[PDB]
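Participant: Got a structure here, written out as structure tokens. Questions coming.
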Amino acid sequence: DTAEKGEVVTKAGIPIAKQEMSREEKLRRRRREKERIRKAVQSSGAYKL
Amino acid sequence: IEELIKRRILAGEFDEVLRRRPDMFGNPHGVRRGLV
Amino acid sequence: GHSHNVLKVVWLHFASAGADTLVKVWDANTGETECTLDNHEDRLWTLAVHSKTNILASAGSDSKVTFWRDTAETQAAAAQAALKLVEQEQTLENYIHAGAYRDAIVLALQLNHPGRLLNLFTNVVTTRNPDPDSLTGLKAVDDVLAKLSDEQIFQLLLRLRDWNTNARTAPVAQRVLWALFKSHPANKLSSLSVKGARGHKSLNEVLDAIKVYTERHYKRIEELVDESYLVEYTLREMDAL
Amino acid sequence: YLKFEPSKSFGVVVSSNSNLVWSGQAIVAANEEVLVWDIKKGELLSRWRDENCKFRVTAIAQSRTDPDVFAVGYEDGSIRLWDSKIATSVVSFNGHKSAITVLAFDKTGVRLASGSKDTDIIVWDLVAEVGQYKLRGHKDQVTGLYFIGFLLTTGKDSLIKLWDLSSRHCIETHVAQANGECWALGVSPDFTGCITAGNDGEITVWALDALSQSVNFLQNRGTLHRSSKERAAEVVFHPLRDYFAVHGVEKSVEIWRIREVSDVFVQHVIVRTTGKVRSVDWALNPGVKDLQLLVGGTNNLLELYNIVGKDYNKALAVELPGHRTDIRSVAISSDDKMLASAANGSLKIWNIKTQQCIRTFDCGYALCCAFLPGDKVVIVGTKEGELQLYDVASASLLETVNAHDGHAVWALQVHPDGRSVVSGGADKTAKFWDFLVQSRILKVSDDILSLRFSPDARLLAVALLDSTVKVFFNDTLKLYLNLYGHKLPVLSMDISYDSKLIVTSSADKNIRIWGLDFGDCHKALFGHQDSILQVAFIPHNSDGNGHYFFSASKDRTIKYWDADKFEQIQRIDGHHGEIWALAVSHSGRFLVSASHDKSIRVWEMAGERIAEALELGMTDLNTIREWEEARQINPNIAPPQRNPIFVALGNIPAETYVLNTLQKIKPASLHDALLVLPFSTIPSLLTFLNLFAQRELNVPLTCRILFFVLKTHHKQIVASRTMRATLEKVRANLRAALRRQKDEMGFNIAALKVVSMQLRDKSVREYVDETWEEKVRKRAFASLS
RNA sequence: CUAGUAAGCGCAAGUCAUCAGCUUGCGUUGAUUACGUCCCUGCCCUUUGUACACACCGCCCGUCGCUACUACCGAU
RNA sequence: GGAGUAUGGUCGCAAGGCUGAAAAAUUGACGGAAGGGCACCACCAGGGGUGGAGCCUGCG
């Protein structure tokens with residue numbers, strides 16, 4: 001809630017940018033957050049063709 | 001027996017008690033003892 | 001969208017301009033306002049469109065006439081800016097590949113991603129071959145911290161309070177905290193004035209935050225000294241033996 | 001319980017996969033076989049049909065400096081290197097996730113880059129038979145590969161990228177289309193220029209040249225635009241002359257020559273085609289002054305054109321051994337020696353034992369095709385409402401009659417005696433034609449989708465748009481009964497050879513097994529994942545299997561069932577396109593199946609952990625100090641020959657490694673492990689503490705572990721002799737380290753105090769009045785008591 | 001099967017239900033051997049949420065799915 | 001006569017066969033590696049049955 005716009009903070013407390021983040025740790029971060037949540041009449045032409 | 005077991009776990013509803021919050025009376029709402 | 005009457009539309013190539021004195025343009029397929037131009041005073045009477053290009057001429061109850069030549073130019077400027085962005089990001093990545101530390105820090109300062117910036121900070125505080133007169137270990141990096149600009153310093157104070165908040169990155173935060181104070185004078189630091197210091201991001205707050213984290217680390221390292229005296233004790237012991 | 005196998009497969013030339021190759025031979029791609037044809041002659045030399053794979057191949061490529069070995073790439077991510085000398089694949093390369101699309105050879109032919117729909121580009125060795133390494137950029141899948149060593153690539157975010165080979169990372173990228181995607185990459189054969197054709201018909205043109213500084217190799221020398229504002233499929237160069245070809249999938253291709261970028265690059269010719277090209281390809285024929293442009297066209301054809309080098313003409317074509325648009329009907333002759341096939345515009349009759357087309361005829365559209373008994377004439381019905389009558393012997397049309405007006409005649413069935421035919425249109429009537437004259441029409445409320453006779457000429461059955469079926473008698477057309485119970489309109493029906501049974505398959509993805517006496521549904525069967533188009537019994541129960549039947553469905557699959565036990569006895573896979581027709585042998589020995597493949601197939605510890613980690617680190621330190629002695633004696637070639645695990649972990653420092661194996665675990669088990677560490681391991685550990693003391697990393701960790709090993713071994717330490725020197729050295733190093741860092745952060749905190757004071761003195765107050773009342777953070781700390 | 005725990009011994013009562021081919025009480029004599037450990041087999045649960053200090057740590061991983069967007073493919 | 005409370009008698013509806021036995025979902029599905037706790041259905045130390053002969057209830 002106190003973070004800046006283009007970046008996100010970690011559980012360590014490190015603000016890291018979505019822009020600099022690659023898809024790999026993107027999916028991994030989304031996976032960890034999802035795991036936190038988890039622990040919480042027509043035509044005859046159309047018919048015959 | 002087996003099918004009624006199957007039935008209740010399917011439409012899973014349990015007569016068993018839940019852990020009541022330990023001091024429901026004076027603290028019915030229950031904010032954390034933390035920073036606000 | 002009007003508080004007053006519109007009194008004329010002209011067609012593009014939707015343009016409302018009337019007694020409310022704020023003109024408003026849009027295209028009807030979306031129907032949402034594309035500009036609002038307020039060179040004009042209380043009441044606005046008429047309107048005109050350029051024959052071929054798109055320049056507007058606002059004129060009303062006054063005798064002021066103002067022309068407004070030309071979404072698409074915004075897309076064009078964003079396109080060239082994004083070409084610049086991807087070029088500088090790729091050469092930043094190649095600076096990482098080469099280990100081009102100083103200019104890598106420079107380009108990371110412009111592009112504002114503190115994570116890769118901090119990885120550069122780890123490398124530059126631990127080069128394994130630091131320059132003797134240097135502050136971080138690399139004198140050109142000492143030069144770039146000598147020639148920082150104000151808003152960049154302030155945002156580094158933000159990244160710095162964060163790297164100070166976490167403890168494994170506290171010492172690398174302390175060294176870049178340490179070289180920062182040596183370079184630039186205190187009157188400059190106090191007369192620092194950037195627009196984005198409001199509430200939790202204001203200067204008093206972020207500063208005293210850094211202060212209390214450093215005070216914790218200060219007491220910690222003091223205890224480390226006091227317990228470190230034991231090896232001198234045992235050295236005296238084996239000297240007796 | 002006899003089973004069916006993929007026995008014959010034919011009736012098609014090159015599908016909608018790209019990247020065909022010329023060698024006077026044309027290696028084109030079918031679905032599963034990679035097949036080579038002659039262009040002057042209509043006869044194919046061979047096909048490359050691998051039994052181990054089923055997937056549709058979609059990338060073909062010829063090795064430079066090595067013809068007759070070819071690398072192909074399938075739908076599953078596989079790369080099969082085949083031989084043309086022997087119709088077999090020498091090697092298979094399955095590293096990708098899905099759908100090989102773009103390939104690039106080495107100029108020598110030992111190195112292979114493959115890029116897929118799964119966005120990966122994998123480089124492979126061709127003498128060690130391993131994927132060399134994996135290259136990962138590319139926010140979306142790739143479009144173009146080339147071997148410059150270096151790699152020049154482009155991908156679907158309009159991104160062009162140059163990578164290095166010696167350094168497996170990207171070196172440069174740029175963007176082709178401002179607000180679109182690139183679609184085609186063309187490299188000049190001398191490595192001097194590259195052209196990138198994107199969505200808007202826009203071809204960005206770039207020049208080339210053959211690390212810490214501002215490297216710039218590629219230059220955007222400009223843009224160009226073509227005539228057709230379509231996505232461009234391929235831009236192929238001339239290997240020898242100064243020409244190249246741009247095509248997006250249309251009836252228009254453009255050849256452009258090489259002499260501002262508009263001044264240099266002008267269209268040579270714009271060629272118009274009869275169909276939409278899938279892929280263009282080049283050919284130099286031996287002994288000609290011409291440019292042989294081979295177009296492989298999506299409407300099942302090949303066409304070789306001549307371009308004069310300082311116009312176009314249809315020089316050659318392959319369209320005879322296949323149809324052209326889409327097969328829509330079948331009729332396998334009574335002798336089971338030939339068949340009829342009806343497609344939109346083309347009808348071809350084919351001999352089975354040579355599995356080859358014999359004759360070809362033209363029409364507008366074709367719904368249904370069926371010979372008459374004696375196999376002399378064929379009856380075809382078409383979308384324009386019309387019936388045409390051809391023959392097989394004289395190869396001509398006989399008659400042409402508007403049966404219904406423009407209503408698509410959904411049904412043509414012969415009378416099983418062989419004297420009448422029946423024709424069911426999209427209108428509200430359907431007509432019996434005795435041969436030919438119109439015997440009798442029938443009127444009903446809605447459109448019919450299927451009708452049949454009974455194998456004993458006793459009953460007839462119509463089957464309508466209303467998801468209903470009305471069965472009548474054959475002699476007078478009075479309603480025997482009617483079947484319902486499908487929610488969607490029926491697509492087909494088939495009754496048993498003894499007329500004791502019905503199967504009624506509808507677009508509800510299920511079939512109904514009825515009885516023909518009282519017409520009771522013996523079984524509803526929900527067994528296809530899609531709308532089953534057709535179903536057919538065998539008439540010959542002479543094998544004892546007459547109540548077996550095949551059900552062919554839109555999701556490219558047929559199932560062989562037994563109605564008696566109501567069970568699917570077999571699944572028949574094999575097609576990769578929506579099946580439209582099929583036909584059963586009259587003896588029932590084989591079947592044919594024609595599909596939207598446009599093809600036809602015929603079927604018959606932690607303490608010891610950090611301890612030995614320390615030990616390996618000691619070995620590495622000994623190697624490094626002996627290597628330093630060697631390079632100090634002479635700067636000659638002396639390799640460190642470090643641990644394989646260390647050079648695999650990335651030439652990392654051994655002290656960094658043991659710092660990691662020290663940094664991972666918890667404080668408690670750390671304390672525990674160092675308590676375990678024996679006194680033989682203590683000097684190695686202490687020397688590593690010395691290394692961390694000089695190379696200061698994780699200061700409180702090093703200090704804490706130092707103190708702990710002192711307190712668990714102190715008397716041994718003060719009793720020993722050799723440790724005294726090591727303790728002196730680490731002591732000097734640690735005092736240096738601690739003093740440096742403490743003075744650093746003390747400088748920090750003093751500066752913090754003074755900047756606090758001056759910022760206060762800045763911010764204090766400006767106005768002075770009677771109100772000093774205006775001159776604090778707050779926190780909450782809830783407590784449940 | 002780890003402290004009045006195991007075994008041995010008896011004397012009684014016969015508790016609506018079950019138990020005399022026994023069951024249940026209650027007294028008597030009363031030990032070895034552990035009483036550590038998560039290494040085997042395991043089982044449970046941490047990697048979310050749940051109160052703040054001085055203190056420590058420092059963004060597990062996978063295959064997919066689902067939702068939004070992009071563009072494609074070809075029939076009718 | 002009013003109010004309930006019952007007991008069963010009476011009537012209306014429920015009581016008209018496109019039929020013929022065998023999902024939801026931003027939260028979802030399954031795993032794996034590190035970290036602890038536990039256990040006489042685990043280790044370690046020991047003991048003691050039953051299982052040998054016979055009697056015999058009960059269970060098949």
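Going by the structure tokens order, chains are called A, B, ..., each with residues numbered from 1, while ligands are numbered from 1 in the order shown.
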Just the residues within 12 Å of residue D:288, please, counting only C-alpha atoms (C1' of nucleotides), with nothing from its chain fewer than 2 positions along; format it as a list in words.
Facilitator: residues 24, 283, 284, 285, 286, 290, 291, 292, 306, 307, 308 and 309 of chain D
Participant: Could you please write out, as a PyMOL selection string, every residue of stretch 140-184 of chain C that DSSP assigns to helix (DSSP H, G or I)?
Facilitator: chain C and resi 140-146+150-165+170-183
Participant: For chain D against chain B, which residues fall within 7 Å using only C-alpha atoms, given as JSON, numbers by chain?
Facilitator: {"D": [779, 780, 781, 782, 783, 784]}
Participant: Can you write just those residues out, N, CA, C and O atoms, as a compact mmCIF listing (two decimals), in the first residue's frame?
Facilitator:
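Printed below is selection.txt as written:
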```txt
# COMPACT_ATOMS: atom_id res chain seq x y z
N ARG D 779 1.10 5.88 16.78
CA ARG D 779 0.83 4.48 16.50
C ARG D 779 -0.19 3.98 17.52
O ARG D 779 -0.49 4.65 18.50
N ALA D 780 -0.72 2.77 17.28
CA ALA D 780 -1.99 2.39 17.89
C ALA D 780 -1.85 1.35 18.99
O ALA D 780 -2.28 1.58 20.12
N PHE D 781 -1.28 0.18 18.66
CA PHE D 781 -1.02 -0.91 19.61
C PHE D 781 -2.29 -1.37 20.32
O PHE D 781 -2.49 -1.13 21.52
N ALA D 782 -3.18 -1.98 19.55
CA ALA D 782 -4.34 -2.61 20.15
C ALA D 782 -3.91 -3.71 21.12
O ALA D 782 -2.85 -4.31 20.97
N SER D 783 -4.74 -3.93 22.13
CA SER D 783 -4.45 -4.95 23.13
C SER D 783 -5.76 -5.60 23.56
O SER D 783 -6.71 -4.91 23.92
N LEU D 784 -5.78 -6.93 23.54
CA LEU D 784 -7.02 -7.64 23.82
C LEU D 784 -7.37 -7.60 25.30
O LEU D 784 -8.44 -8.07 25.69
```
Participant: Could you tell me how far atom CA of residue D:437 lies from atom CA of residue D:423, in Å and to one decimal?
Facilitator: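 So the two atoms, atom CA of residue D:437 and atom CA of residue D:423, lie 12.3 Å apart.
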Participant: Quick one: which residues from chain E are at most 9 Å off chain D, using only C-alpha atoms (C1' of nucleotides), as a list in words?
Facilitator: residues 51, 52, 56, 57 and 71 of chain E
Participant: Could you save those same residues with N, CA and C atoms (P, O5', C5', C4', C3', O3' and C1' of nucleotides) as a PDB file, in the first residue's frame?
Facilitator:
```
ATOM      1  P     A E  51      -4.241 -11.529  15.917  1.00  0.00           P
ATOM      2  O5'   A E  51      -3.031 -10.596  15.473  1.00  0.00           O
ATOM      3  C5'   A E  51      -1.763 -10.692  16.107  1.00  0.00           C
ATOM      4  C4'   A E  51      -1.316  -9.361  16.636  1.00  0.00           C
ATOM      5  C3'   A E  51       0.167  -9.048  16.437  1.00  0.00           C
ATOM      6  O3'   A E  51       0.336  -7.648  16.234  1.00  0.00           O
ATOM      7  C1'   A E  51      -0.340  -9.037  18.735  1.00  0.00           C
ATOM      8  P     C E  52       1.422  -7.102  15.183  1.00  0.00           P
ATOM      9  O5'   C E  52       2.711  -6.815  16.061  1.00  0.00           O
ATOM     10  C5'   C E  52       3.967  -6.623  15.426  1.00  0.00           C
ATOM     11  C4'   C E  52       4.764  -5.526  16.078  1.00  0.00           C
ATOM     12  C3'   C E  52       5.915  -6.002  16.959  1.00  0.00           C
ATOM     13  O3'   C E  52       6.915  -4.988  16.966  1.00  0.00           O
ATOM     14  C1'   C E  52       4.456  -4.751  18.249  1.00  0.00           C
ATOM     15  P     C E  56      20.203  -9.638  15.103  1.00  0.00           P
ATOM     16  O5'   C E  56      19.791 -10.877  14.206  1.00  0.00           O
ATOM     17  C5'   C E  56      20.058 -12.187  14.662  1.00  0.00           C
ATOM     18  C4'   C E  56      19.211 -13.188  13.937  1.00  0.00           C
ATOM     19  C3'   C E  56      18.974 -12.907  12.472  1.00  0.00           C
ATOM     20  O3'   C E  56      20.141 -12.994  11.647  1.00  0.00           O
ATOM     21  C1'   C E  56      16.947 -13.539  13.453  1.00  0.00           C
ATOM     22  P     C E  57      20.491 -14.205  10.649  1.00  0.00           P
ATOM     23  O5'   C E  57      19.386 -14.128   9.506  1.00  0.00           O
ATOM     24  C5'   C E  57      19.147 -15.248   8.675  1.00  0.00           C
ATOM     25  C4'   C E  57      17.697 -15.349   8.286  1.00  0.00           C
ATOM     26  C3'   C E  57      17.333 -14.769   6.935  1.00  0.00           C
ATOM     27  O3'   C E  57      17.603 -15.681   5.888  1.00  0.00           O
ATOM     28  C1'   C E  57      15.706 -14.178   8.568  1.00  0.00           C
ATOM     29  P     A E  71      -4.808  -7.119 -32.420  1.00  0.00           P
ATOM     30  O5'   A E  71      -4.810  -8.352 -33.424  1.00  0.00           O
ATOM     31  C5'   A E  71      -3.901  -8.385 -34.508  1.00  0.00           C
ATOM     32  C4'   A E  71      -3.097  -9.659 -34.530  1.00  0.00           C
ATOM     33  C3'   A E  71      -3.706 -10.820 -35.277  1.00  0.00           C
ATOM     34  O3'   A E  71      -3.587 -10.706 -36.678  1.00  0.00           O
ATOM     35  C1'   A E  71      -2.859 -11.591 -33.233  1.00  0.00           C
TER      36        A E  71
END
```
Participant: Enumerate, in order of chain and increasing residue number, the residues of chain A with an atom no farther than 8 Å from chain D, each with its shortest atom pair and distance in Å to one decimal, counting only C-alpha atoms, as CSV.
Facilitator:
```
residue,atom,partner,partner_atom,distance
A:44,CA,D:465,CA,7.9
A:47,CA,D:489,CA,7.8
A:48,CA,D:491,CA,6.9
```
Participant: Next, the residues of the selection above should be written as a CSV table (one decimal), in the first residue's frame with N, CA and C atoms.
Facilitator:
```
chain,number,residue,atom,x,y,z
A,44,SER,N,-28.6,-24.3,-42.5
A,44,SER,CA,-28.2,-25.7,-42.9
A,44,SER,C,-26.8,-25.7,-43.5
A,47,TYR,N,-24.9,-26.1,-40.4
A,47,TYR,CA,-25.1,-27.5,-39.9
A,47,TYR,C,-24.3,-28.5,-40.6
A,48,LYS,N,-24.6,-28.6,-41.9
A,48,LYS,CA,-23.9,-29.7,-42.7
A,48,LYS,C,-22.5,-29.3,-43.2
```
Participant: As a ChimeraX atom specification, please: the residues near stretch 26-30 of chain F (cut-off 12 Å, only C-alpha atoms (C1' of nucleotides), same-chain neighbours under 4 positions excluded).
Facilitator: /A:30,33-40 /E:62-68
Participant: Within 12 Å of stretch 1-10 of chain A, counting only C-alpha atoms (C1' of nucleotides), which residues qualify if same-chain residues fewer than 2 places away don't, as a PyMOL selection string?
Facilitator: (chain A and resi 12-21+25-26+29+32-33) or (chain C and resi 111-115+155+158-159+162-163+165-166+196+198-201) or (chain E and resi 58-59)
Participant: Under the rule that only C-alpha atoms are counted, which of C:221, C:203, C:32, C:213 is the nearest residue to residue C:167?
Facilitator: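 Among the listed residues, the smallest separation from residue C:167 belongs to C:213.
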Participant: Separation of atom CA of residue D:26 and atom CA of residue D:300, in Å?
Facilitator: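 Atom CA of residue D:300 lies 14.3 Å from atom CA of residue D:26.
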